[PDB]
Structure formats: C-alpha cells, structure tokens
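To start, the structure under review is shown below, and the notes come after it.
Quick look at the structure:
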C-alpha cells in the first residue's frame, strides 16, 4: 500500500510564532481587518510504502521524533494520511 | 461568524523543491527506505470573520495573490476552511 502522509508542524499556543506575528502585523492587518490572526508553520508531505494507514502514520511520527523535525517542548504536530494510487 | 482557514503553499510538480530534496536525501532516506519522497512547503492558518465559507476562502485567496505570499508561476496553493466557535 502507498500512502500520502502530511505533517504539519506549528508552535504551541503559548510559544511566540515570529513569522505569524510579523505576517499578521505588516501584511495581513493591512490587507483586511476581517483576518484577525495568522499562525505559521511547516508543511511536509511524504509518499510512504506501508501495510496499513497506522503503520504509515506512526512511521512519520517516529521520523519527526527521532530525526528532530520538531522540538516537542515548543512545537506541536499534526499528521494526516490517505491511501493513494 | 468565524472560520479557520488553512493555506498550504508548495512548489509546482515541475519545479525543484530544495528543502524537500535535501530532507529526503540526508534525513528521510537515512531513517526509512519506506518513505520514498518528501515535498516541503509553508503552512499558514488564519482566523477569519466572514458571512460565509466562500467569502472567507476567497478572501484568503485574494490575500495570497495580492500580497504575494506565493509566486503563481512556481508555486501551488491549497485552501481549506472550517467554521469554528
């Protein structure tokens, strides 16, 4: 089975996000006062050979942990997956 | 009426993605041969006041275009929205 696994890495709610803060202040706020907040993060999407959706998702979380794609104390992650082909 | 609008910006399929290429080569490939590809992008999430889901998403689309959050000739964008509160 081939899975498309998405990994979204963002800052925890209580940790300052300089990119989102800056974009909101100098770009978004000027464009529209209907957009009240901007949070920024990293998006990584993987193609994964696996035996199940669980195996694919857990594999990516392990990657994120072991290979330090994020810092558990300041960042939070979200993993979404879907079978493809 | 509040909407959570996600904006994912990635490179078009035919345009080199240096981050994805590099992560795959030096980090992912080393971690697991079951992860065959990595594509990288930016993730931005906005909280938007709007009268409809359409108004909220088109507004973020306009933001992305007018304020140059991406280059349409080399980047692709995906917008997802969900009502909150």
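Protein chains in written order, with the entry's author numbering: chain B, 4 to 88; chain A, 4 to 88.
Note that the Cβ used here is the ideal one computed from N, Cα and C, for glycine as well.
If you check each beta-carbon in the segment 24 to 43 of chain A against every beta-carbon of chain B, the ones closer than 9 angstroms belong to 26, 27, 30, 31, 33, 34, 35, 36, 37, 38, 39, 40, 41, 42 and 43. Residue 13 of chain A and residue 80 of chain A have their C-alpha atoms some 6 angstroms from each other.
Here the alpha carbon of residue 20 of chain B sits roughly 7 angstroms from the alpha carbon of residue 42 of chain B. Interface criterion met: the Cβ of residue 12 of chain B is under 9 angstroms from a Cβ in chain A.
By the neighbour-count definition (other C-beta atoms within 10 Å, threshold 16), residue 63 of chain B is a buried residue.
Residue 88 of chain B is not a Cβ neighbour of residue 49 of chain B, given a cutoff of 9 angstroms. A Cβ-Cβ distance of about 16 angstroms is found for the pair residue 67 of chain A and residue 7 of chain A, leaving them out of contact under the 8 angstroms criterion. For residue 53 of chain B, the chain A residues whose C-beta falls within less than 8 angstroms of its own C-beta are 37, listed in chain order. The beta-carbon of residue 69 of chain B is placed less than 9 angstroms from the nearest beta-carbon of chain A. C-alpha of residue 77 of chain A to C-alpha of residue 15 of chain A: approximately 6 angstroms in a straight line. Legend: CB atoms of the segment 70 to 83 of chain B lying less than 7 angstroms from CB atoms of chain A belong to residues 70.
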